[PDB]
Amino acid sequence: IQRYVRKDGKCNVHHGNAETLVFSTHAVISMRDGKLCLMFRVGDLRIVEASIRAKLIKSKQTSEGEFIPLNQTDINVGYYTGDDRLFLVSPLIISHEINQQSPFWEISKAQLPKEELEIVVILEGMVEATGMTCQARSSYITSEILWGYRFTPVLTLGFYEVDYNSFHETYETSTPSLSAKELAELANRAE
């Protein structure tokens, strides 16, 4: 029985091939555990208070008729479950469940071609060798979030190996084109 973490804490991972492996180049939207999800991958420069946060940047007009040049809307990535405090040894695909509280609630494969936004990702977590306070950030514009895609796995096992050549790799999978909001609407009247 090959364990991932030793009783004394040492991780049994083998990493195998510039900060190009910190964040995946694209993010995707697809189904996982019955939910449409915004996903992107996180690695390392290769977890002391390692926390992740995501914001949606976009222009929008409020119902009051006010135009907001660049408004920030939160993107729940675990803050409500502690899942945002990452145990970050091997690559992790961060998941944002699209629900009625999400800024992507009414985003559909069709609306994506019209919408213009920017998902900013911020990772903070004191370093391993100095415990120093560092922050890495990334961004995903509208054209960098792939609807109907899924990430290829990077972990396998006589070592627990990470294949970083597939870090940024995704592929298409049958996915409804509807937005979660349209889905709740359909099911309600297609029931």
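Numbering starts at 1 and runs along the sequence shown.
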Query - Residues of the deposited sequence left unbuilt between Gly158 and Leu157 - result: 1 to 3
**Report entry** Between neighbours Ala18 and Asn17, residues that the deposited sequence lists but the model omits
**Finding:** 4 to 9
Query raised in the report: Looking at the deposited entry, does 27 to 35 or 128 to 136 carry the larger mean Cα B-factor?
Result: 128 to 136
Report summary line: Higher avg CA temperature factor (105 to 113 vs 69 to 77, as deposited) belongs to 105 to 113
Report task. Please work out which residue in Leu146, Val162, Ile47, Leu123 has the highest C-alpha B-factor recorded for this crystal structure. Result -> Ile47
**Report entry** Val89 - Cα temperature factor, lowest/middle/highest third of chain
**Finding:** highest
Report task. Pull the Cα B-factor of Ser166 out of the PDB entry and bin it into the chain's lowest, middle or highest third. Result -> middle
Query - Lowest, middle or highest third - CA B-factor, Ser63 - result: highest
